[PDB]
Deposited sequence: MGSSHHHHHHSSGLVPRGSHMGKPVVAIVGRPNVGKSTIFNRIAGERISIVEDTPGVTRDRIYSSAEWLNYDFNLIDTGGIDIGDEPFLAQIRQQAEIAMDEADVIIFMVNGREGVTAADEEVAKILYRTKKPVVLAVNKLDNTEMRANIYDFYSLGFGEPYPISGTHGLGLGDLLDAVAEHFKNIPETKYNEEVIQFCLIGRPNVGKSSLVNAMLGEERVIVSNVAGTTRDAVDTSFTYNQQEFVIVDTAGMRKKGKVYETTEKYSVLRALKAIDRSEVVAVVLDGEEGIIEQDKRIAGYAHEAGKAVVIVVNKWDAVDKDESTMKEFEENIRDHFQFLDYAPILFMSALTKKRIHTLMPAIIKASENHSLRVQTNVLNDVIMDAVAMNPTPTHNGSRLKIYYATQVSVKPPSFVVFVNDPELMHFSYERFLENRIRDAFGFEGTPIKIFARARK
C-alpha cells in the first residue's frame, strides 16, 4: 500500500538501486522485491534539464508517500543536487536522503541539503541498503488514512464538552470571507479562497444523536483528530477557567509536534475589568508552561466578538509550522547567540558549535553539530531556541533542536 519513489539528477545510480529493490510490475507501479522484509510499492518517474527533473519530482510529490532523494557521493553536493533539493522543499511528504557510491569527510555538505541524515549506499553489494529502507519504512505509520491535496490546511478544535466548539465552528463559517463546500466526518471550506479542512466535525455533532455517558471515548477521538491535523485549536471556557483535563489533550498536541493556538471562548460571560484579560493570560502560561509559543485569543462564539481573529491565527500558526529557514542566516543567528552568552563548561571542556542546519518541517527541527553533545544542557538548548524564535518568528509552533557529534 505505501508508495515509494526515487528522485534525483540523472547519473547518480537511481536505476541500479530501483532495479535491486523492485519486484514484479503490478498490471508504472512495481511491487517491492521478494527478499525485502518490508511491504510497499515503487513508482517509476522516468518517461529540457531543470524542467525535466522538475516533472519527475512533481510525479513523485503527487503519487508517492515517501521519497528517496539520491545524490552521488563521489561528486559531492553539486549545484544540480541543490536545485533538486529546492524543488523538493515544496512537499510536506517525507524525504530520505541517500548518498550513492560511498563519507564523514563532507557530512555538513550533505546535511546542507536540508533533509537530515544522509544514508550511504552502494549499488554493487547493497551495503547501507538495510539502514536506508529502515529510515523509509518508519514513515509508513504516519501515512494519512484520509488524503487531501497538499494545498489544503487541516485543523481541529478540541476541548471539554460544552466549551463551545460547535458554536465557534458555526460562528466562523458564517463570515463573509468563508465559502462552505457544495468523507462525511470533515468540513471543507475556503477562506479568502484558500482551502481548509476542519477535522472530524461529525464527532463534534455526535451529541444531539447520542447521550454522554463518559468523556473517555470523546477524548480518545480528539487525539485521533489531533494526529490528522497540522494546527490544533485548544478551546478553553472563560466562565469556569482552566481544569485538569484541559492539560491532558494540550500536552498531547505539544508532544505530537503540532502547531497550537489557544482560544478562550465565552469571553462575553466573564466578570471583567481592566486587568482580567492579562491575568487570564498569565494563568494560561502558568498552567500550560510547555505552550509558550502558542498565541492566546479571547473571543465569544455568542456575540461574535473577535471571531474574525481565529482564521488568521490558524493561517499564521500553519505557516510557521511549515517554515524552512536559510542555512547561512541560521548560522549567523547561532554564532550571534554564542557571542551574547558563552557556552557551558564541564571540568576543562567547553561546548563548541561548528555548524547548524534545519532537517525537517512540521514542526521545524534543527541539528547543531558540536564538540560533545553532553555539554549541551537543556537550559542552553532553550536559550538557543529563543534566539532562533527572536530572529525568525515561529509563533504558533514548537521547534526541535538536537546536538550531534562529528
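Novice: Which parts of the deposited chain sequence are absent from the coordinates, listed in sequence order?
Specialist: The deposited sequence has unmodelled segments at 1-22, 50-60, 81-86, 142-145, 226-231, 456.
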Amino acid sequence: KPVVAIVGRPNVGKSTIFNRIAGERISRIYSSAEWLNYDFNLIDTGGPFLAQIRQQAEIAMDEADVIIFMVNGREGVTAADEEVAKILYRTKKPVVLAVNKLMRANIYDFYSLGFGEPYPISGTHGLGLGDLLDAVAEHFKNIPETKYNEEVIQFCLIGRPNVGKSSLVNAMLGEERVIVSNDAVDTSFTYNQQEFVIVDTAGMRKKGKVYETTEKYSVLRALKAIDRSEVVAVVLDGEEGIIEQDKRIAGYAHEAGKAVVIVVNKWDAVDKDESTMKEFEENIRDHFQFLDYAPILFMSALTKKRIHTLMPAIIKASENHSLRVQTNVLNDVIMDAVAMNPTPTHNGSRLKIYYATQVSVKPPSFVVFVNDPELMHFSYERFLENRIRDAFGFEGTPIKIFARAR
From here on, numbers count along this sequence of modelled residues.
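Heads up, when I say rigid core I mean the largest set of C-alphas that superpose within 1.5 Å between the two forms.
Novice: What stretch shows more C-alpha movement in 5 other deposited structures of this protein relative to this form, 282-290 or 267-275, after the core is superposed?
Specialist: It is 267-275 whose C-alphas lie farther from the shown form in 5 other deposited structures of this protein.
Novice: Say the other structures are aligned on the rigid core; which stretch then has the higher CA RMS in 5 other deposited structures of this protein, 108-116 or 328-336?
Specialist: Greater root mean square C-alpha distance in 5 other deposited structures of this protein: 108-116.
Novice: Counting only other entries that model residues on either side, is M103 absent from the coordinates in at least a third?
Specialist: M103: unmodelled in a third or more of the comparison entries.
Novice: With respect to the recorded C-alpha B factors, which stretch has the higher mean value, 51-59 or 66-74?
Specialist: According to the entry, 51-59 carries the higher average C-alpha B-factor.
Novice: According to the deposited model, is the average Cα temperature factor higher in 278-286 or in 75-83?
Specialist: Higher mean C-alpha B-factor in the PDB entry: 75-83.
Novice: Determine which member of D336, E239, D227, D292 has the highest CA B-factor, using the values in the deposited entry.
Specialist: The listed residue with the largest C-alpha B-factor is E239.
Novice: Whose CA atom has the top B-factor in the entry, of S322, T214, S122, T201?
Specialist: Highest C-alpha B-factor among the listed residues goes to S122.
Novice: Looking at the C-alpha B-factor of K400, is it in the lowest, middle or highest third of its chain?
Specialist: As the PDB entry reports it, the C-alpha B-factor of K400 lands in the lowest third of its chain.
Novice: Hey, what third does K362 fall into on Cα B-factor, ranked over its chain?
Specialist: CA B-factor rank for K362: lowest third.
Novice: Thinking about Cα B factors across the chain, which third does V219 belong to?
Specialist: According to the entry, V219 has a C-alpha B-factor in the chain's lowest third.
Novice: Select lowest, middle or highest to describe the third in which the CA B-factor of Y38 falls within its chain in this entry.
Specialist: It falls in the top third of the chain.
Novice: Ranking every modelled residue in this chain by its Cα temperature factor as given in the entry, which third contains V370?
Specialist: For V370, the deposited C-alpha B-factor lands in the middle third.
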